[PDB]
Amino acid sequence: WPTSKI
Amino acid sequence: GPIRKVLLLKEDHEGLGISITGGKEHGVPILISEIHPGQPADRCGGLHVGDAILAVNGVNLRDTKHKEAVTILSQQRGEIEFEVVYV
């Protein structure tokens, strides 16, 4: 799965 | 675990301070994979790695694709209510 920093 | 409601306070110059993974296109919830030290999620005290983010400010995130969730989450400002659960 992708990971995003937010 | 139990569903929890958690309040996060952030300024406008900051992000949330979390990394998220998952999303509907992968058949899993929006999951917190990191809580960045000293940033707003860490400081709020109630959000943890492994939490699924079910909703933010009343917006359901249970069936959201990864990038949909990024847009919705990053739009929120100030006093931000999260609905989360650890499984």
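Residues numbered from 1 in each chain as written, not as in the entry; some residues may be left out. Chains lettered and ligands numbered in written order. Heavy atoms only, no water.

As summarised from the PDB record, the model derives from X-ray crystallography at a stated resolution of 1.400 Å.

## Quick word on the pairing of strand β3 (residues 28-35) of chain B
Residues and elements named next belong to chain B. To keep things clear, this is the line we draw: When DSSP finds two or more bridges between a pair of strands, those strands are recorded as paired. Secondary structure is summarised from DSSP: a helix means a run of H or I of at least four residues, a strand means a run of E of at least two, and numbering begins at the N terminus for each.
By the bridge criterion, six bridges tie strand β2 (residues 18-23) to β3 in an arrangement that is antiparallel. Paired with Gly23 across the strands is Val28, a residue of β3. Hairpin connection of β2 to β3: four residues between the antiparallel strands, including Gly27 at a positive phi of 75 degrees.

## Focus: the pattern of salt bridges
All names here are of chain B. For the record, the criterion: A pair is scored as a salt bridge if a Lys or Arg side-chain nitrogen falls within 4 Å of a carboxyl oxygen belonging to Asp or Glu. To sort residues, take the accessible area from a 1.4 Å probe on protein chains only and compare it with the maximum for the residue type: under 20% means buried, over 50% means exposed, and anything in between is partly exposed.
Under the criterion given, the structure shown has six salt bridges over all chains. Linking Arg43 and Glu14 is a salt bridge whose minimum nitrogen-to-oxygen distance equals 3.0 Å. Separated by 29 residues along the polypeptide, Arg43 in helix α1 (residues 40-44) and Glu14 in the loop between β1 (4-10) and β2 bring together distant segments of the chain. For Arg43, a relative accessible area of 46% gives the class partly exposed. Close ionic contact of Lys24 with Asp63 constitutes a salt bridge, the shortest N to O distance being 3.9 Å. In this pair, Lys24 is assigned in the loop between β2 and β3 and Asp63 in the loop between β5 (59-60) and α2 (66-75), connecting sequence segments 39 residues apart.

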